[PDB]
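Undergrad: The following block contains the structure, expressed as C-alpha cells.
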Amino acid sequence: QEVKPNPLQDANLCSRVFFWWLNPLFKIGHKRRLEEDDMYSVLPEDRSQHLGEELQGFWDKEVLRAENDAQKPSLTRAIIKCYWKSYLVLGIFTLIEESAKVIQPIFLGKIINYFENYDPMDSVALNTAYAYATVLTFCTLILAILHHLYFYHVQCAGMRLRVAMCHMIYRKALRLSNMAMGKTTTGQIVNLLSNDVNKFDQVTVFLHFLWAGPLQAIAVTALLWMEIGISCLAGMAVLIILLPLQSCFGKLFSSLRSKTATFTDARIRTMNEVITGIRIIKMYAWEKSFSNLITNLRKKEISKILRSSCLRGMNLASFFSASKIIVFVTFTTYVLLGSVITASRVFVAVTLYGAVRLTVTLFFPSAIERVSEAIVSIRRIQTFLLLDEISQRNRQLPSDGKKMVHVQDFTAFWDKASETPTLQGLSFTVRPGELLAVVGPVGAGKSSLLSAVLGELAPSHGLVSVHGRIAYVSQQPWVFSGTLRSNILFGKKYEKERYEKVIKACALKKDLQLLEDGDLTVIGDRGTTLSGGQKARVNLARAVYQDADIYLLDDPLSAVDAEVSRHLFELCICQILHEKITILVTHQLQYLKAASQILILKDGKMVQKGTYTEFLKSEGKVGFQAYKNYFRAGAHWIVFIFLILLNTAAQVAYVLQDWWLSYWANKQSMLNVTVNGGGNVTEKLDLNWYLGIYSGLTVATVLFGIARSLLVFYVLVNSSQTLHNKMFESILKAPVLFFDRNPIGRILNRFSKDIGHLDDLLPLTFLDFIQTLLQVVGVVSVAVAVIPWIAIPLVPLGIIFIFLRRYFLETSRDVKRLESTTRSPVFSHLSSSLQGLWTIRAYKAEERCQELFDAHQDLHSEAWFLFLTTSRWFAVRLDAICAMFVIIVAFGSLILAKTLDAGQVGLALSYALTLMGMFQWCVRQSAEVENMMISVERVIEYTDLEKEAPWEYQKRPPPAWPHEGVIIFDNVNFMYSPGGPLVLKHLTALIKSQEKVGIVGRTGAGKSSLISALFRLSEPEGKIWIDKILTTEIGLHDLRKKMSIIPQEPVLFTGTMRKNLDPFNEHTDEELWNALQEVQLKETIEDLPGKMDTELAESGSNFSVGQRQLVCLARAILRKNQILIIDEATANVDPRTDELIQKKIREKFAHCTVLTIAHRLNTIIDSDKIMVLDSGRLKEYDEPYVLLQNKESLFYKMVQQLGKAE
Ligand SMILES: C[C@@H]1CC[C@@]2(OC1)O[C@H]1C[C@H]3[C@@H]4CC=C5C[C@@H](OCCC(CO)CO)CC[C@]5(C)[C@H]4CC[C@]3(C)[C@H]1[C@@H]2C
Ligand SMILES: C[C@@H]1CC[C@@]2(OC1)O[C@H]1C[C@H]3[C@@H]4CC=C5C[C@@H](OCCC(CO)CO)CC[C@]5(C)[C@H]4CC[C@]3(C)[C@H]1[C@@H]2C
Ligand SMILES: C[C@@H]1CC[C@@]2(OC1)O[C@H]1C[C@H]3[C@@H]4CC=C5C[C@@H](OCCC(CO)CO)CC[C@]5(C)[C@H]4CC[C@]3(C)[C@H]1[C@@H]2C
Ligand SMILES: C[C@@H]1CC[C@@]2(OC1)O[C@H]1C[C@H]3[C@@H]4CC=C5C[C@@H](OCCC(CO)CO)CC[C@]5(C)[C@H]4CC[C@]3(C)[C@H]1[C@@H]2C
Ligand SMILES: C[C@@H]1CC[C@@]2(OC1)O[C@H]1C[C@H]3[C@@H]4CC=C5C[C@@H](OCCC(CO)CO)CC[C@]5(C)[C@H]4CC[C@]3(C)[C@H]1[C@@H]2C
Ligand SMILES: C[C@@H]1CC[C@@]2(OC1)O[C@H]1C[C@H]3[C@@H]4CC=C5C[C@@H](OCCC(CO)CO)CC[C@]5(C)[C@H]4CC[C@]3(C)[C@H]1[C@@H]2C
Ligand SMILES: C[C@@H]1CC[C@@]2(OC1)O[C@H]1C[C@H]3[C@@H]4CC=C5C[C@@H](OCCC(CO)CO)CC[C@]5(C)[C@H]4CC[C@]3(C)[C@H]1[C@@H]2C
Ligand SMILES: C[C@@H]1CC[C@@]2(OC1)O[C@H]1C[C@H]3[C@@H]4CC=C5C[C@@H](OCCC(CO)CO)CC[C@]5(C)[C@H]4CC[C@]3(C)[C@H]1[C@@H]2C
Ligand SMILES: C[C@@H]1CC[C@@]2(OC1)O[C@H]1C[C@H]3[C@@H]4CC=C5C[C@@H](OCCC(CO)CO)CC[C@]5(C)[C@H]4CC[C@]3(C)[C@H]1[C@@H]2C
Ligand SMILES: C[C@@H]1CC[C@@]2(OC1)O[C@H]1C[C@H]3[C@@H]4CC=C5C[C@@H](OCCC(CO)CO)CC[C@]5(C)[C@H]4CC[C@]3(C)[C@H]1[C@@H]2C
Ligand SMILES: C[C@@H]1CC[C@@]2(OC1)O[C@H]1C[C@H]3[C@@H]4CC=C5C[C@@H](OCCC(CO)CO)CC[C@]5(C)[C@H]4CC[C@]3(C)[C@H]1[C@@H]2C
Ligand SMILES: C[C@@H]1CC[C@@]2(OC1)O[C@H]1C[C@H]3[C@@H]4CC=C5C[C@@H](OCCC(CO)CO)CC[C@]5(C)[C@H]4CC[C@]3(C)[C@H]1[C@@H]2C
Ligand SMILES: C[C@@H]1CC[C@@]2(OC1)O[C@H]1C[C@H]3[C@@H]4CC=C5C[C@@H](OCCC(CO)CO)CC[C@]5(C)[C@H]4CC[C@]3(C)[C@H]1[C@@H]2C
Ligand SMILES: C[C@@H]1CC[C@@]2(OC1)O[C@H]1C[C@H]3[C@@H]4CC=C5C[C@@H](OCCC(CO)CO)CC[C@]5(C)[C@H]4CC[C@]3(C)[C@H]1[C@@H]2C
Ligand SMILES: CCCCCCCCCCCCCCCC(=O)O
C-alpha cells in the first residue's frame, strides 16, 4: 500500500523538533493494539537498497584504490569516506550542546552573585538578574527540548550504517564460493547479521564524545580555575583517579562473572537432565540425588553471584558518592589554602564538577568501549567480505540453437588441498529429452555428477558448452519465508492455465485438504506448517513451472511416491522435458529400469553406461502482590524497615552535605557584614567546627551509600536464592501430568532466563532505580524547602507526567513488541538463502532474493524508526517537564528575593540543574524494572504449582514389605483427568505369589497405563492392596523404591559410572564389582579410559544403546527387589543385545515376580502365563492350550495374524 508516507516528510521544523507529527500514531496506540499495518514506511533515502548500493560503491572504490596502491583494503576507510560529511555536520550541535552545558553554571553564578549583594532598592540589578535568568532558561531549553532531534539524527546515522552493512553482508553471502562456504558456517554469518552488526547502532551515539569529552573537560577546568584557583585541580584529580580504578574494578567484575557462568551452565545442564528425564527420575525414586547435586551447584553459583553483586553495589555506591568526594576534596583544599567560601563560587564549582564528572565517568568510557566494539565488528565484517567468491558466471557463448555437448578431461575436486583427486574420469554427452539415470549410495559422487553442470565443481581453465537453463532440485527441499504464491511464482509471471493444469493433473489437492487456506496459505516460520513432501513437490513444481532446459533433480522422488514420480515423469520429464536436458539422479531401483539410459560412477570411475541389457541387477501489569511476594522472600519486614531507613539516611546526608556548604557561605557572609559594617576586628570563622562537620557529613554520605547498596543487593539476591530453592523443590514434587502438559523448553527457559534475570539484572536495575528516584525526590524536596510555593505548580506538573507516562507506555510496549517480531524474518531469510544457495545461483535469481531481503530489512527498519522516534517523543516531553521545573525554580527565586539568601538560592538552582538527567534516568529505569518483574511473576507462579502425594509419610510400612511378592488389582479405574478419556475400566487382576507374567495391549492403548497405575506416579483412581496394604499408606518414595522397572528407552545421567549405577551409595563396592562381573560388564567399564570414575559424556552419547540396556539391567540387578517390570516396547533395539538381556533377566531374576509389557509376542510366549488385556477389559484368563484353541481369544487372533508358530 501507499502506507502513510512518513509524516517526517511533511513535518516542518517545529513539528520535527517537538515530534508533533507522531501524535496521531499514539492516538490509535491508545485506542487499540498496534499492528504492522499501522506502521510508517521508511523514508526514500533510508531504503535498504539505496544505502546498500551507496556503500557498495564506496567499498568497491576503496578496494580498487587499495589494489592500486598495493595495501590491504580497510572497511573503516570506506565507512568514513561515506558518512564523514553527514557526521561532521551533526557534530556542530554537539559542540553547541557542550558549550551550553559549560556556560550554564556561569549564569547560575551570576544569579547567585546578585543574591549575595542584595539591595531591595536597586532596580537595575534586579533587571540584570532577570536577564541572567532568561539566558539560563534559554540554555536549559537548548539542553532539554533541542537535543532530542540531534539525538534522533545520530541514531539514524547509526541505523543507516547498520542497514547498509546488512545489505553488504547478504549481497556477499549470496555470491560466496563453495570452498569459502565450507570454511565458514551459516551460523557465523547469521551471527554477523544478528549481534556483530548491532554495535553500529550504539557507537554512533557516543562517537562525537571522543572529542567532546577531552575538550569540554579542559574548558570546565579552566572555568573552575577562574572561580577557585589551584584548589580546582584537587577535585579534578579525584575525577581522573576515578577513571582507571573503576575500570580496573570492572576487569575484576568480568572475571567473577566468568566463574559464575561455568557454575550456571553446569546447573542448567542438570536442569535439562532432570526435566528431560523426569519420568525416569520419579520412576526410580532418584529425586534426592539430583536435589542435593543441584543444591550444591546452586550454592556455589550463589556464592559467586553474591561476591559479584557486592562488587557491583560498591561500584554503584562509588558512582553515587563520587560527586560528594570531589566537592569535599576541592573545597577542603580551598578553605585550607586561606580562602573564604561564598555561595556563588561554591555552587558554580558544584555544578561544573557535576557536569564534568557525569561526562568523564559516563560518556567518555562508554564512547571508548563502544568504539572498540564497533572496530572489532568492522574487522570481522571486513574479513568476511573479502572471502573468496564463486567464479563469476561468464557470458554464455552464442549457442545458436545447437546441441554440441561434450565433457573431456573433467577436473572436479571437492577439496583442492586434497592430493587425492575427488573425481578423474567423467565424460558423457546429454541429448535433448533423453534421461540419464545416475545412481550412487548415500550420495556416493552424486554431488560431482550434479555440479558437473557448472554448479560448483567448475574447471579452473576452459569452458564446457552447456546450453539452456538449469533447474536444480537439491537433496534438502527448501521453502523460503513467504507464501506458496512466492515459491510457485519465483519471479515467473502468473501463468493461470499451466499452473491450473499442473495443480489438477499433478493432483496437489493434498495441500488444499491439509492446509486450512490453500495455495494462498502463509508459510509459517521455517515452513513447519508444510512437510518435506510439500517442499519436494513444490521444488519439482517450481522446476517444471519455470520450464527450464537442464533439469537437475537430486533424488526428488525419494520424498514422493512411485505414482507421483511416474506422473511427473510422463507429464514433465516425458512431455514437458521432451527436448529438454533431464540429468536425473535416481535410486530405489524402479526408475532405473523405468528410464532408458543409466550412468553409474564410483570415485571418478564410470561403473557402466549401458541400459538394462547389461544384466547389472543393481506485557501486562504486575500487581502489588508480585512485588510483595518478591520482597518478603528476601528478608523479614524489619529488615525492609531498616533498609528504607538506611536509604532515607543516605539521601538526607547527601543533600545535607551541600546544605552545609550553603549554610557555611551564609554564615561567612553575615560574618563579613559584621566585620566590615560593624566591628573593625576581622573575626575569623572557626575552621575546626565547620570543616569537621563538613567532613563528617561527606563521610556519612559515603558510608550510608555503601551500606544501602550492599544491603539492597544482599536482600534481593537472597530473595532470588529463596525463590529458586522453593521453585526447584516444588517442581521436583510436581506430578508427571505437569511435565507432560508443559514442554521441556518452557520449564528450562523458566529455570534459565528468569533465574538469570533475578540473579544478575533485576537487583542491579532495582538498586539503580531506587537510587535515582531518591535523588529526584531529594532535588524536588530541596526546591520545595527553599521556596514552599513551588508546591503549588508541582501538583499539576507531576499529575501530567503520570498521565503522559501511561499515554506513552500503551504505545511504546507495542512498538517494542513489533520491533521484536520484525527482526527474525531477516535472519530466517538469510538462513534460507544460505541453505539453498545452490539453486538460487542455478536460477540466476540473485536479484530477486536481494529484493526480498531488502523488503524484509525495510520492515524492520520501519520498526526501528518507530522505536527511535517514540522514545524521542517521550524524552522531549519529559525534558520539557524538567525544564519547566527549572524555569519555575530560577524565576521564583527572583520573584521571592526579599525572603531568600544566597545559599538557599544556590542550593535549589544547582539541584534543579541536575533534575533533568536524573529524572530521565529514573523514568527509564522504572520502566525497565516494571518490564523485568514478569520473570519474578513467572518464578512465583512456579513456586506454588500443585504437587502430588508426599514421598514419605510419618507412618512407614515394614522394611521387609516385599516378602511375599503378591500384588493384585481390585477394581481400579485409572483417570488421567477427571471427566476425561477412559483408560482403565474396573481393572481387576490376580497375580500369584512369585509368578512371572506379562500382558499385551494395542499399540500402547492400556500398555503404559498399567505401569502408571502400579507405580502410582500418575495417581490411579483405584483401591489396591498389594500384600494386603493400601497403596496409599506407603509413601511415594517408599513405594517406588521397592519397584524395579526397565524403561523402553534407557537413559544415562552425567556423572561417574558409580553414581549412575548407584547414586545413593547404598551398595558396597565389591557388590557392584561382583554383580557387574557376573554380567561381564566390569571388563567393559574397566577398558574405559577413565576407569571407575570415567567422565561420562552428554547422557552417554558415545555409549551404544546395547550398553544402555546393559547398564539399566545392572541397575535392576543392584536394586535387588522382589518384583521387576520389563517395559520392552522399543522398536529400534539391537537384537543381539535383546537376546542377551532376555537370557540375563531369565537367569538373574529367575524367581522374581516380573510384569512384562511388550509388543514382541515371542517375548511373552516364554512367560508361563499371559493375561491379555485391552481397553480396560480383561479379555483372556485361561490355560495357554485354551488360548490356542479358542478362535475368539485375542491371543490366538494375533497368533493367526502374524503367522508365527511355536
Ligand atoms: C547564549 C549567549 C550567552 C552569552 C550572552 O548572549 C547569549 O548572554 C547575554 C546576556 C547579556 C547581558 C544581559 C543584561 C545585561 C544588563 C545590562 O544593563 C542594563 C540593564 C537593562 C536590561 O539589560 C535594563 O536597564 C548591561 C548588559 C548585560 C550585562 C548583558 C551583557 C551581554 C550578555 C552577557 C549577553 C551575552 C553575549
Ligand atoms: C593541566 C591542566 C590543563 C591546562 C590547565 O588546567 C590544568 O592549566 C591551568 C593553567 C591555568 C592558567 C594559570 C595562570 C593564569 C594567569 C592568571 O593571571 C595572571 C597572573 C599573574 C600574571 O600577571 C598576576 O596577574 C589568569 C589565569 C591563567 C591564565 C590560568 C588560566 C587557566 C589555566 C590555563 C589552566 C588550564 C585549564
Ligand atoms: C593533583 C594535585 C591535587 C592537589 C594539589 O595539586 C594537584 O593541590 C595543590 C595546591 C598546592 C599548594 C598551593 C600553593 C602553595 C605555594 C607555596 O606556598 C605558598 C602558600 C600558599 C597559601 O598561602 C600560596 O598560594 C608552597 C606550595 C603550596 C602550599 C602548594 C603545595 C602543593 C599543593 C598542595 C597542590 C596539591 C598537590
Ligand atoms: C585525592 C587527592 C589526594 C589528597 C590531596 O589531593 C587530592 O588532597 C589535597 C589537600 C592538600 C592540603 C590542603 C591544604 C594544605 C594546608 C597548607 O599547609 C601550609 C599552610 C600555609 C602554607 O600554604 C598557609 O596556606 C598547604 C598544604 C596543605 C597541607 C595541602 C597538602 C596537599 C593536600 C593534602 C592535597 C593532596 C595531594
Ligand atoms: C582530544 C583528542 C580526541 C581524540 C582522541 O584523543 C584525544 O581520543 C583518544 C581515544 C582513542 C581510542 C581509545 C580506545 C580505542 C579502542 C581500541 O580497541 C582496542 C582496545 C584494546 C587494546 O588493548 C583494549 O584496550 C582501538 C583504539 C581506540 C579506538 C582509540 C583510538 C584513538 C583515540 C580515538 C584517541 C584520539 C587521538
Ligand atoms: C532524626 C532525623 C535526623 C535528620 C533530620 O530529621 C530528623 O534532622 C533534622 C534536623 C534539621 C535541621 C535543624 C536545624 C536547621 C537549621 C536551620 O537554619 C537556621 C538558620 C539561622 C541562622 O541563619 C536562622 O534561624 C535550617 C534548617 C536545619 C538545617 C534543619 C534541616 C532539616 C534537618 C536536618 C532534619 C533532618 C531531616
Ligand atoms: C559519624 C561518623 C563518625 C565520626 C565522624 O565521621 C563520621 O563524624 C564527624 C563528627 C566530627 C566532629 C564534630 C564536631 C566537632 C567539634 C569541634 O571541636 C570543638 C569546637 C567547638 C565545639 O563547641 C568549640 O567550642 C570540631 C571537631 C569535632 C570534634 C569534629 C571532628 C571530626 C568528627 C569526629 C567527624 C568524624 C570523621
Ligand atoms: C542527623 C543529621 C546529622 C546532624 C545534623 O544533620 C542531621 O544536624 C544538623 C543540625 C545542625 C545545627 C543547627 C543549629 C546550630 C546552631 C548554631 O549556633 C549555635 C548557637 C545556639 C546553640 O548553641 C544558641 O547558643 C551552631 C551550629 C548548629 C549547632 C548546627 C550544626 C550542624 C548541625 C548539627 C547539622 C548536622 C549536619
Ligand atoms: C524525607 C527527606 C527528609 C529530609 C529532606 O529530604 C527529604 O527534607 C528536606 C528538609 C530540607 C530543609 C528544610 C528547611 C530548610 C531551612 C531553610 O532556611 C530558611 C529557614 C527560614 C525561612 O524563612 C525559617 O523558616 C533552608 C533550606 C533547609 C535547610 C532545607 C534544606 C533541604 C532539606 C534538608 C531536605 C532534606 C533532603
Ligand atoms: C517524598 C517527600 C515529598 C516532599 C518532601 O520530602 C520528600 O519535601 C520536603 C520539604 C519539607 C518542607 C521544607 C520546609 C518547610 C518550611 C518550615 O517552616 C516552618 C515555618 C515556621 C516553623 O517554626 C517558622 O519558620 C516547616 C517545614 C517545611 C514545610 C518542610 C516540611 C516537610 C517537607 C514538606 C518535606 C516533604 C515530606
Ligand atoms: C519528612 C520529614 C518531615 C519533618 C521534618 O523532617 C523530614 O521536616 C524537616 C523540616 C525542618 C524545619 C525546616 C525549617 C525550620 C525553620 C528554622 O528557623 C525557624 C525560625 C523561627 C523559629 O522560632 C524564628 O522565630 C528552624 C528549624 C526548622 C523549624 C526545621 C526543624 C526541623 C524540621 C521540622 C524537619 C522535620 C524533622
Ligand atoms: C495540595 C497541595 C498541598 C501542599 C501545598 O500545595 C497544595 O499547599 C500549599 C499551601 C501553602 C502555604 C499557605 C500559606 C502560607 C503562609 C505564608 O506566610 C505565613 C505568614 C503569615 C501571613 O501570611 C501567616 O498567615 C508562608 C507560606 C505558607 C506556609 C504556604 C507554603 C506553601 C504551601 C504549603 C503550599 C503547598 C505546596
Ligand atoms: C509542560 C510542557 C508543555 C506541555 C506539554 O509538554 C510539556 O505537556 C505534554 C503532555 C502532553 C499530553 C499528555 C497526555 C494527554 C492525554 C491524552 O488523552 C487522550 C484523549 C484523546 C487522545 O487519544 C482522545 O482519545 C490526549 C493527549 C494529551 C493531552 C497530551 C498532549 C500533548 C501534551 C500536552 C504535551 C505538551 C507538549
Ligand atoms: C513562573 C514561576 C513559577 C511560579 C511563581 O514564580 C514564577 O509565580 C510567582 C507568583 C507568586 C505569588 C504572587 C502573589 C502572592 C500574593 C501574596 O499575598 C498573599 C495574599 C493571598 C493572595 O492575594 C495569598 O494568601 C502572597 C504571595 C503570593 C501568593 C506569591 C507566592 C509565590 C508565587 C506563587 C511565585 C511562584 C514561585
Ligand atoms: C518522582 C516520581 C517519578 C519517578 C518514578 C516514575 C515511575 C513510577 C510512577 C508511578 C507508578 C506507575 C503509575 C501507576 C501505574 C500505571 O498506570 O502503570
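Per PDB author numbering, the sequence shown runs over residues 6 to 623, 693 to 1280. Just so it is clear, CB atoms sit at the ideal spot from N, CA and C, and this is done for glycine as well.
Please indicate yes or no: does the CB of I147 lie closer than 8 Å to some heavy atom of ligand 14?
TA: Looking up residue 147 in the sequence shown gives position 142. False, no ligand heavy atom lies under 8 Å from that Cβ.
Undergrad: Rounded to a whole number of angstroms, what is the C-alpha to C-alpha distance between residue 5 and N792?
TA: Here the chain covers residues 6 to 1280 and nothing more, so residue 5 does not appear.
Undergrad: Going along the chain, which residues put their C-beta within less than 6 Å of some heavy atom in ligand 2?
TA: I223, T226, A227 and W230
Undergrad: Assuming contact is defined by CB atoms lying nearer than 9 Å, are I101 and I33 in contact in what I supplied?
TA: Counted from its first residue, the sequence shown places residue 101 at position 96. Counted from its first residue, the sequence shown places residue 33 at position 28. Against a cut-off of 9 Å, the Cβ pair of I33 and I101 comes out as no contact.
Undergrad: Nearest by alpha-carbon distance to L970: which of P446, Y123 and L60 is it?
TA: Position 896 of the sequence shown holds residue 970. If we check each option's Cα against that of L970, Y123 comes out closest.
Undergrad: Closest to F787 by C-alpha separation, out of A564, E1145, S313 and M241, would be which residue?
TA: The residue given as residue 787 occupies position 713 in the sequence shown. Among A564, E1145, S313 and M241, the Cα nearest to that of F787 belongs to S313.
Undergrad: With DSSP run on the structure shown, which of helix, strand or coil describes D201?
TA: Along the sequence shown, one-based indexing puts residue 201 at 196. Coil.
Undergrad: Report the residue ranges of all alpha helix (DSSP H) runs contained in full by the stretch 250-319; include only those spanning at least 4 residues, in chain order.
TA: 283-289
Undergrad: Report whether the distance from the Cβ of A774 to the nearest heavy atom of ligand 8 is below 8 Å.
TA: Locating residue 774 in the sequence shown gives position 700, counting from the first residue. Answer for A774: yes, Cβ within range of ligand 8.
Undergrad: Taking buried to mean at least 16 other C-beta atoms within 10 Å of its own C-beta, is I605 buried or exposed?
TA: Here residue 605 refers to the residue found at position 600 when the sequence shown is read from its first residue. By the neighbour-count rule (16 or more Cβ atoms within 10 Å), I605 is buried.
Undergrad: Buried or exposed for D559, please, with buried defined as at least 16 other CB atoms from any protein chain shown within 10 angstroms of its CB.
TA: For the purposes of this step, residue 559 is taken as the residue at position 554 of the sequence shown. Classification for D559: buried.
Undergrad: With H, G and I counted as helix, E and B as strand and the rest as coil, what does DSSP make of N1045?
TA: Position 971 of the sequence shown, counting from 1, holds the residue named residue 1045. In this structure, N1045 counts as strand in the three-state DSSP scheme.
Undergrad: Would you decide whether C956 is buried or exposed? Buried here means 16 or more other CB atoms lie within 10 Å of its CB.
TA: The sequence position of residue 956 within the sequence shown is 882, counting from 1. Burial call: buried.
Undergrad: Measure the CB-CB distance between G1078 and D1248 and report whether it falls below 9 Å.
TA: The residue given as residue 1078 occupies position 1004 in the sequence shown. The residue given as residue 1248 occupies position 1174 in the sequence shown. Between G1078 and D1248, the C-beta gap is not smaller than 9 Å, which leaves the two residues out of contact.
Undergrad: Let me confirm a value: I1098 is counted as buried when at least 16 other C-beta atoms fall within 10 Å, else exposed. Which label applies?
TA: Along the sequence shown, read from residue 1 onward, the residue named residue 1098 stands at position 1024. Looking at its Cβ environment, which holds 16 or more other Cβ atoms inside 10 Å, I1098 is buried.
Undergrad: For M126, is the classification buried or exposed, using 16 other Cβ atoms within 10 angstroms of its Cβ as the cut-off for buried?
TA: For the purposes of this step, residue 126 is identified with residue 121 of the sequence shown, where counting begins at 1. Label assigned to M126: exposed.
Undergrad: Could you tell me the distance, in whole angstroms, from the CA atom of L30 to the CA atom of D43?
TA: Numbered from its first residue, the sequence shown carries residue 30 at position 25. Numbered from its first residue, the sequence shown carries residue 43 at position 38. One C-alpha to the other measures close to 8 Å.
Undergrad: Per DSSP, which residues does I1119 bridge with? Please list them.
TA: By 1-based counting over the sequence shown, the position of residue 1119 is 1045. The partner list for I1119 (beta bridge, DSSP) reads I1199.
Undergrad: So, is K177 buried or exposed, given that buried needs 16 or more other C-beta atoms within 10 angstroms?
TA: Here residue 177 corresponds to residue number 172 of the sequence shown, with the count starting at 1. Answer is buried; the Cβ neighbour count reaches 16.
Undergrad: Grouping DSSP H, G and I as helix and E and B as strand, with all else coil, what is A1079?
TA: Here the question's residue 1079 lines up with position 1005 in the sequence shown. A1079: strand per DSSP, three-state reduction.
Undergrad: Would you mind stating whether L468 and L402 have Cβ atoms separated by less than 9 Å?
TA: Sequence index remark: in the sequence shown, residue 468 carries index 463 (1-based). Sequence index remark: in the sequence shown, residue 402 carries index 397 (1-based). Closer than 9 Å, so yes.
Undergrad: Does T189 come out as helix, strand or coil in the three-state DSSP assignment?
TA: If you number the sequence shown from 1, residue 189 lands on position 184. Coil at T189, not helix or strand.
Undergrad: Can you list, in chain order, every residue whose CB sits closer than 7 Å to a heavy atom of ligand 12?
TA: That gives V858, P862, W863, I864, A865, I866, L868 and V869.
Undergrad: Where are the alpha helix (DSSP H) runs, 4 residues long or more, that stay fully inside the stretch 800-864, in chain order?
TA: 810-815, 818-823 and 836-860
Undergrad: Identify, in the order they occur along the chain, each residue of the same chain with its Cβ nearer than 8 Å to the Cβ of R38, setting aside the five sequence neighbours on each side.
TA: On the sequence shown, residue 38 is found 33 positions in, with the first residue counted as 1. These residues qualify, in order along the chain: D888.
Undergrad: Would you say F143 touches ligand 1, meaning its beta carbon is less than 8 Å from a heavy atom?
TA: Taking the sequence shown and counting its residues from 1, one reaches residue 143 at position 138. Yes, since a heavy atom of ligand 1 falls inside the 8 Å radius drawn around the Cβ of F143.
Undergrad: What do you get for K1278, buried or exposed, if any count of 16 or more other CB atoms within 10 angstroms of its CB means buried?
TA: Against the sequence shown, residue 1278 aligns to sequence position 1204. Answer is exposed; the Cβ neighbour count stays below 16.
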